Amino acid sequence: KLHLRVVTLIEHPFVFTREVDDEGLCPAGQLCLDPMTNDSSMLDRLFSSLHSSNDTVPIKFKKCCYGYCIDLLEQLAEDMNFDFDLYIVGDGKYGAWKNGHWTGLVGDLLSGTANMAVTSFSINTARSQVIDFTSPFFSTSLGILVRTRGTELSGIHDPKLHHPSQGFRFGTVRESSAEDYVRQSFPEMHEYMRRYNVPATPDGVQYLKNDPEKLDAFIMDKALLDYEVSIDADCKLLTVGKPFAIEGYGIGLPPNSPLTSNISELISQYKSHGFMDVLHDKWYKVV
């Protein structure tokens, strides 16, 4: 039996957190730590304590994780006979090349701080050069979130984005594959967006959705934006434009991991037996 330390990132509906219950446990979820660290020794010490007599892990670090990716993780752990420790990435980023190093999930895999990364993690060319990804368990275009009767956009080639009018505010999430895409493909658009980019998806959505409005459009994975539109009561939100920058989501592992092919095989079995349909309908609230 293997023991894997898994890093995740909170991104609805793939991973959510809530507080531990009145007895300190996680009835319908997975106990995880939110310790805000990228230090491997610190995580060893915390998890060691968690699993021992005399658990002295500071209560503020304890959370319950749940979501599409946690259901998937649980199934993998059962089929592949491993147990796992689960923690939330300290910088809250998916990961990019910044100041001579990889940040976020990518960084924790490359430093050996995590054994595997499980969340809405995009498989792109730059990351594929440095970490392993399994076969994808989900696929998504990038998308553009706007208000109903607000900004209209044809897609990523809209002149509104490339010769923006003064005060036209649009952004994406920092250190993500969406940012990588814009940086690589539309360098001058990237430069314009820098002042508008946000730390995390919920910030971009709030800035578009809530008053006083802070973004006119928010660029991010359509699977995530679609989820936000679907839970919007008011019906004030739309995703607009042609698809672009389509990427799979996959589980990240260190490069040339002997685990990758085994996990990919199970992901393929799960897809071809309806399990991804089951998870999609549960978590996007179909039916």
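Residue numbers here begin at 1 and follow the sequence given.
Mean CA B-factor, 141 to 149 versus 208 to 216: the higher value falls on 208 to 216. The stretch with the higher mean CA B factor, choosing between 247 to 255 and 63 to 71, is 63 to 71. Going by the entry's values, 22 shows the largest Cα B-factor out of 11, 277, 22, 265. Set against one another, the Cα B-factors of 173, 89, 189, 123 in the record reach their highest point at 189.
Ranked by Cα temperature factor within the chain, residue 229 sits in the middle third according to the deposited record.
Annotation for residue 202: C-alpha temperature factor in the middle third relative to the rest of the modelled chain, per the entry. Sort the chain's modelled residues by C-alpha temperature factor and residue 238 lands in the middle third, per the entry.
Ranked by Cα temperature factor within the chain, residue 78 sits in the highest third according to the deposited record. Among all modelled residues in its chain, residue 164 ranks in the highest third by Cα B-factor.
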